[PDB]
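Chains as they are written, first to last, in the authors' numbering: chain A, 9 to 512, 516 to 562; chain C, 4 to 34; chain B, 3 to 168. This report concerns only the one structure given below.
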Amino acid sequence: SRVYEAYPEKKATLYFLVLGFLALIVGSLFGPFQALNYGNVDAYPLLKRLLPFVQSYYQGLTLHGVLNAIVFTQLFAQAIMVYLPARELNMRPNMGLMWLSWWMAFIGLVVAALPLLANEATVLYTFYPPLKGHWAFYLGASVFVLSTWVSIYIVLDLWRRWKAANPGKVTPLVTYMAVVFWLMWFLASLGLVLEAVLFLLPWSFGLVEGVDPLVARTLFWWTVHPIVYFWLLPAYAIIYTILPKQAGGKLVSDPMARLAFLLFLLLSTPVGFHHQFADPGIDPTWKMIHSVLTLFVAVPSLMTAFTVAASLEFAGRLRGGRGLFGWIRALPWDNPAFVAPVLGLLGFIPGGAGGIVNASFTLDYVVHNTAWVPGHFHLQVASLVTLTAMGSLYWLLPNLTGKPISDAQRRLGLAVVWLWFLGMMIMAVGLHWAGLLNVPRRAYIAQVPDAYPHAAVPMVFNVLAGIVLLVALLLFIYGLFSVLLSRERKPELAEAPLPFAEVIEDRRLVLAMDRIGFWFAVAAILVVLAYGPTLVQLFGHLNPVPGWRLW
Amino acid sequence: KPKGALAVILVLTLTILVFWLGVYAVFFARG
Amino acid sequence: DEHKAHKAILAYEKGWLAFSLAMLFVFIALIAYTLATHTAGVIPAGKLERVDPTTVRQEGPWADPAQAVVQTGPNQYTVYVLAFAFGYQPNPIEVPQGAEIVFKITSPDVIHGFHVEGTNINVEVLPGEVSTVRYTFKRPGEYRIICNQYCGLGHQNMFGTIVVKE
Ligand code: HAS
Ligand code: HEM
Ligand SMILES: CCCCCCCC/C=C/CCCCCCCC(=O)OC[C@H](O)CO
Ligand SMILES: CCCCCCCC/C=C\CCCCCCCC(=O)OC[C@H](O)CO
Ligand SMILES: CCCCCCCC/C=C\CCCCCCCC(=O)OC[C@H](O)CO
Ligand SMILES: CCCCCCCC/C=C\CCCCCCCC(=O)OC[C@H](O)CO
Ligand SMILES: CCCCCCCC/C=C\CCCCCCCC(=O)OC[C@H](O)CO
Ligand SMILES: CCCCCCCC/C=C\CCCCCCCC(=O)OC[C@H](O)CO
Ligand SMILES: CCCCCCCC/C=C\CCCCCCCC(=O)OC[C@H](O)CO
Ligand SMILES: CCCCCCCC/C=C\CCCCCCCC(=O)OC[C@H](O)CO
Ligand code: CUA
Ligand SMILES: [Cu+2]
């Protein structure tokens, strides 16, 4: 194929995409089981006959989160947030680096997967000390994530190269998102890299006897809030700069898109305590600060809601829709690439709503570590992000492989997308409600079937969700494999342009927002100011404690 | 006027508000 | 028309950005309120209070569970709780209703949840550190403690009891 000779980025992107879905499928296999568990139905015996290496509920839970929320989400981000900026500027990504990063990812994953599958790392995707996993888990995880540092460099390169060719022109939209995105991720990632290097790796290696739980946790959450925005923004980039076209309309504001993204660079990292509201040894004043700063990080998505909604109504009116609801039925509901993100956006309403509760200091005490939290995050990542990623099969895959999407396959796509959406709404109800009834998260509750009698109603939703999603999953596997392993190739698809939207004015803001070095340091100050004082007191009073293996 | 978008942000508002006022009520009941 | 729809969208978006900001501020105000009331008692003490997990069952306040309840004021008791794989000591925790209860909770092994069903008590317990929270039980009877932090294979069955005397 001469298409790859000239556009080799298509192949590397494809690789990132395929590995990502492979991880999604394998990770998700465990979900229905878990769903049935939260419905007080124990189907683990069956799962263990099918996959004999699985020793417990918790090993499946470790696989599910790592594979789904770390691996797939990261691979997606890497695919989107390199390929898209590259196509907009019409430039070649540094291919040497592009393959290095893929191999880093692949190898790290391979390495983490070994102790994971062998039952040697059944911590969770949070691997809190002193629960102590196999060194291979920490190493392979570490290497996997560091892959993104190469991605950061790659996009930074493209960006500067373009800027050299074009001094005193503002950054093109998609590329601006990608640049603020990857820089945000660089700040964000220093928490975990720090944790892994100073603590986790030495510890798993036999180098230090103990780790300090609270410092470990504090560093961990430095990263693992912004990581969610890292998951979210590849989806948004699509929702902003592609979806408007797929809908039949335009993006209603370039500046608004830039500003949302700007706010994410500034506000995505200095918030982590909102995961530590119930931790000892952190001053309550610093919790209140992080609380307020968290409410602030809701702003860009609040803004997003309006910008995007308006973009939808706009396309809806352009297609004939009249009334207050007319524009809705006017939109291309026969297109899976249109439907998946929009359905994901609907769920984001209750999703963000629950987030906002979570953020409010004392209110967190109601919901912390109950089923509510999974309820919240399935709506955010397992629905919005995953569904956006799903719908791109129907535009991105043909773009990358030149392989066509039959009408049959378009139909099955609508089904998968819808069943997946509903199943997630259904489970979202069961989880939030069960959460409100004090049902703990991360628990093989079906194995204590008398513990939670009050939860009987939400439980039925969890079962229903379980089966509905098993179906969606099954259909998703069969659909992806029909479209990857299909017969035909029409390279004219692989050569088509991506469906970027046009924009339908405030140059002065735009110029300001383009002073990227400046905003980057503002971000970095905000992190020092938000985390410095606490981390300083913490490092000065370390109390390492021995590791445990309790599985 | 973007009446459709306004509907949406209205739904989003009421959702937040039912969620937030709800759990606030619950916090005080459990306080 | 396209010119006009852009004007209107931007105008209204601005309205909504002010309103959503307002709403966000009002929550901040309502959160602060909670911080000024007795309900704030469940917020951990921010103080670092380091202990040794390996000897905490041998010496110190967690070593004799039957003496874990100590009157620290005219209407105040401190309770020294150990959350461990997989349960709580003492069991049951016995306290009087309407007295202010300072819980000082620690673990000798791994992290555990301390979530008192029916209350706002919900605190992570970390080995090496003492988690200190305050609550005043209004109603007598039996309240169950749930561990809601994954702590290993015994996690799903890790429960404790508090009994509030009339
Ligand atoms: C991609 C993944 C996720 C996103 C995004 C995310 C959003 C937020 N989160 Fe979160 N969450 C928390 C706060 C929030 C807040 C304030 C936001 C906000 O950024 C959300 C703002 C968004 C909105 C305000 C919604 C706007 C709505 C939109 C954009 C849709 C409009 C629809 C349209 C336009 C469609 C209309 C079209 C038609 C056709 C009608 C807190 C604490 O403050 C915790 C800890 C809780 C605890 O006790 O552990 C937490 C923990 C989690 C965890 C679990 C961590 C763990 O395992 O321990 C994960 C995985 C997660 C993921 C995600 N989270 N969250
Ligand atoms: C077939 C769909 C899936 C089902 C039915 C499902 C259901 C579940 C259930 C019931 C839980 C709670 C388990 C517990 O607290 O014990 C869970 C947790 C989780 N899910 Fe999923 N899920 C699926 C897909 C996804 C996807 C696509 C993602 C990521 C994109 C995801 C990420 C997570 C994470 C972060 C965990 C938390 C693990 C932990 O607490 O350590 N879910 N899922
Ligand atoms: C096409 C994809 C969507 C499919 C959606 C199908 C919904 C689930 C079945 C409904 C029929 C009613 C079945 C109920 C009868 C059996 C219930 C039962 O026996 O209860 C379980 C038992 O308590 C535990 O072991
Ligand atoms: C317990 C909760 C479970 C219940 C879950 C329900 C959640 C919301 C479902 C659908 C809303 C979607 C509204 C928009 C639907 C658009 C389809 C449409 O209008 O179709 C046009 C027609 O086909 C000509 O093209
Ligand atoms: C775009 C999709 C739309 C998203 C919008 C969906 C948000 C749903 C909001 C509230 C549901 C909760 C029901 C209302 C609260 C009932 C409270 C109740 O039943 O009280 C508890 C009582 O103590 C126990 O017996
Ligand atoms: C066309 C396909 C549409 C079908 C979609 C279903 C409609 C939603 C309602 C019920 C199904 C729920 C099935 C739940 C499975 C059994 C529930 C269960 O496990 O019951 C426990 C009981 O409450 C204590 O003993
Ligand atoms: C689209 C699917 C998304 C799923 C969305 C999940 C539904 C949760 C909704 C609202 C929670 C509001 C809190 C409800 C609590 C109300 C109880 C109440 O009224 O509180 C006073 C009482 O005294 C206390 O015990
Ligand atoms: C207790 C609180 C009750 C909450 C109940 C829901 C309130 C509705 C929410 C948001 C509307 C935001 C839209 C802002 C409209 C502002 C007006 C505007 O932007 O007007 C410009 C136009 O040019 C003029 O001629
Ligand atoms: C445009 C008009 C401008 C006006 C807009 C102002 C917004 C007002 C909203 C909330 C105020 C907060 C009131 C604080 C009262 C909370 C007390 C409470 O709820 O107390 C429960 C409990 O029983 C005690 O311990
Ligand atoms: C669609 C979404 C629907 C969501 C449905 C919402 C249901 C939540 C209800 C109540 C939570 C409030 C708990 C109130 C605390 C009182 C419990 C209590 O007093 O029980 C233990 C005590 O020990 C005995 O002596
Ligand atoms: Cu102790 Cu879970
Ligand atoms: Cu967070």
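Ideal placement from N, C-alpha and C gives every residue a C-beta, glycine not left out.
By the 16-neighbour rule on beta-carbons within 10 angstroms, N366 (chain A) is buried.
Fewer than three Cβ pairs drawn from the segment 14-32 of chain C and the segment 254-265 of chain A lie within less than 8 Å of each other, which leaves the two stretches out of contact. Taking 7 Å as the cut-off, the C-beta of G438 (chain A) does not count as close to any heavy atom of ligand 6. Under the Cβ distance rule, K4 (chain C) does not count among the residues neighbouring chain A, no pair being separated by less than 8 Å. With fewer than 16 neighbouring CB atoms inside 10 Å of its own CB, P457 (chain A) falls in the exposed class. Distance from the CA of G156 (chain B) to the CA of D111 (chain B), rounded to the nearest whole angstrom, comes to 13 Å.
Assignment of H233 (chain A) by DSSP, reduced to helix, strand and coil, places it in the coil class.
No Cβ of chain B is located within less than 8 Å of the beta carbon of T409 (chain A).
Of all alpha-carbon atoms in B:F105, B:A20 and B:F21, the one lying nearest the alpha-carbon of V81 (chain B) is that of B:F105.
Shown in chain order are the residues whose CB sits closer than 6 Å to a heavy atom of ligand 9: C:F31, B:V28, B:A31, B:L32, B:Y35 and B:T39. What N122 (chain B) touches in chain C, judged by beta-carbon distance under 7 Å, is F30, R33 and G34, going in chain order. Its Cα nearest to that of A85 (chain A), the residue A:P242 stands out among A:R225, A:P263 and A:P242.
Nearest neighbour of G438 (chain A) by Cα position, chosen from A:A454, A:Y486, A:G421 and A:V468, turns out to be A:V468. Contact between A47 (chain B) and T134 (chain B) holds: their C-beta atoms lie close to 4 Å from each other, under 8 Å. For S133 (chain B), the three-state secondary structure derived from DSSP is strand. Between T41 (chain B) and chain C, the shortest Cβ-Cβ separation is below 8 Å. Interface with chain B (8 Å Cβ-Cβ cutoff): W562 (chain A) is included. Boundaries for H72 (chain A): no beta strand (DSSP E) harbours it, while the alpha helix (DSSP H) harbouring it runs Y65 to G73, taken from the DSSP string. Residues of chain C with a Cβ closer than 7 Å to the Cβ of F29 (chain B) are, in chain order, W23. Nearest Cα to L20 (chain C) within the set A:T130, A:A361 and A:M106: A:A361. A heavy atom of ligand 6 is found nearer than 7 Å to the CB of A464 (chain A).
Under the Cβ criterion of 8 Å, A38 (chain B) is not counted among the residues facing chain A. Against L9 (chain C), the close residues of chain B are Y14, in the order they occur along the chain (beta-carbon pairs closer than 7 Å). With the criterion CB distance below 5 Å from any heavy atom of ligand 8, the matching residues run C:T16, B:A13, B:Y14, B:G17, B:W18 and B:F21 along the chain. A65 (chain B) carries a coil assignment under DSSP once its states are collapsed to helix, strand and coil. Under the Cβ criterion of 8 Å, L15 (chain C) is counted among the residues facing chain A.
Taking the Cα positions, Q73 (chain B) is about 48 Å away from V471 (chain A). Taking the Cβ atoms as the reference, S299 (chain A) lies roughly 6 Å from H282 (chain A), within the contact range of under 8 Å. If you check the C-beta of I453 (chain A) against ligand 3, you find no heavy atom less than 7 Å away. Residue range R10 to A14 is occupied by the alpha helix (DSSP H) that includes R10 (chain A). Of all alpha-carbon atoms in A:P234, A:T226, A:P252 and A:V279, the one lying nearest the alpha-carbon of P288 (chain A) is that of A:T226. With 16 or more other CB atoms across the displayed protein chains lying within 10 angstroms of its CB, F24 (chain A) is buried.
A Cβ of chain A is located within less than 8 Å of the beta carbon of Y152 (chain B).
Contiguous beta strand (DSSP E) elements confined to the segment 173-206 of chain A do not occur, taking only those with 3 or more residues. The Cβ atoms of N122 (chain B) and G34 (chain C) lie closer than 8 Å to each other. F61 (chain A) has a beta carbon lying at 8 Å or more from every beta carbon in chain C.
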